[PDB]
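Read the single chain below, which is given as structure tokens and is the form deposited in one PDB entry.
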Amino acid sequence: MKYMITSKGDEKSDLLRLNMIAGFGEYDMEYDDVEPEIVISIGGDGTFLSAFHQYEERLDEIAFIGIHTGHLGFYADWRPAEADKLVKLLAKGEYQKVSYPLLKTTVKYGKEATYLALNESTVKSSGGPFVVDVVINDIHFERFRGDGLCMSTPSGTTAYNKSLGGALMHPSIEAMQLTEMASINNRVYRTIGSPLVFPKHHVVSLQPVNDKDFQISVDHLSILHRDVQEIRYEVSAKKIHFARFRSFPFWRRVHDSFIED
């Protein structure tokens, strides 16, 4: 029905976008970037991430599709050569939807801000040492000293989380994963070390010890937050929906990206 297309903005992606719009013009399809029902991202995973955040207030009404004009992306998992086939199948419709879990981040001050992540949310200090108390379902778990912390969605586990030693999780698992960035461990300072995987309805709370200023990232976006009293992580009730047109299993996607393609 209603659809829009975002572009990475290079020549290859802009022209693929115009060609798909022309191809869409031959069906009962209406270009609408205010209330689209299909969002096509042409570029890479960064382009797809921006498309998700552009429309994160209408996630239940939108099915996303990614086309990678560079190397294979984990979200942009369609090749440009299949664009005409994609146009045809999209126009007809009757496609199945698959849903991936998302991460909710709440930042409290001394007022509240909430953010939704498709990959992950990270916390680092403003410049000095990073020290937070990690509280799991109101239980004090550890005092973390180090570079920072990363809380990843399942589909995010192949991104920053992977570089930090985290496990790769199949996205059908409604969970979030917390990994450490360079923790100090000696006689007096102790962290768990291992990645931690949390189910739905578990709340991980980060509470400042001394400094209350933190650089908080949500996917690409990174903002300095001041006078922070708490950072709360939990699996969101909201999910992102993908239009699926053929089988591209997650573990094959992992294989193609990290082992060989």
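Heads up: residue numbers just count along the shown sequence, starting at 1. Just so we're on the same page, rigid core means the largest C-alpha set that superposes within 1.5 Å between forms.
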In a third or more of the other entries compared, is residue 110 missing its coordinates? yes
Looking across the other entries that model both neighbours, is residue 70 missing in at least a third? yes
Deposited residues omitted from coordinates between residue 127 and residue 128, as a class: none
Entry-level comparison of average CA B-factors, 38 to 46 and 24 to 32, reporting the higher stretch: 24 to 32
Mean C-alpha temperature factor, higher of 141 to 149 and 68 to 76: 68 to 76
Among 104, 162, 97, 170 - the residue whose C-alpha B-factor is largest in the record: 97
So if I compare the CA B-factors in the entry for 174, 133, 120, 82, which one is the largest? 82
Taking only the Cα B-factors deposited for this chain, tell me whether residue 181 sits in the lowest, middle or highest third. lowest
Ranked C-alpha temperature factor of residue 251 among modelled chain residues, by third: lowest
Of the three thirds of its chain by CA temperature factor, lowest, middle or highest, which one includes residue 230? middle
Position of residue 236 among the chain's modelled residues by C-alpha B-factor, lowest, middle or highest third: lowest
Looking at the C-alpha B-factor of residue 215, is it in the lowest, middle or highest third of its chain? middle
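Although not depicted, the form deposited in another entry is the subject of the following passage.
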Would you say residue 189 moves between the shown form and the other one, meaning its CA shifts by 2 Å or more once the core is fitted? yes
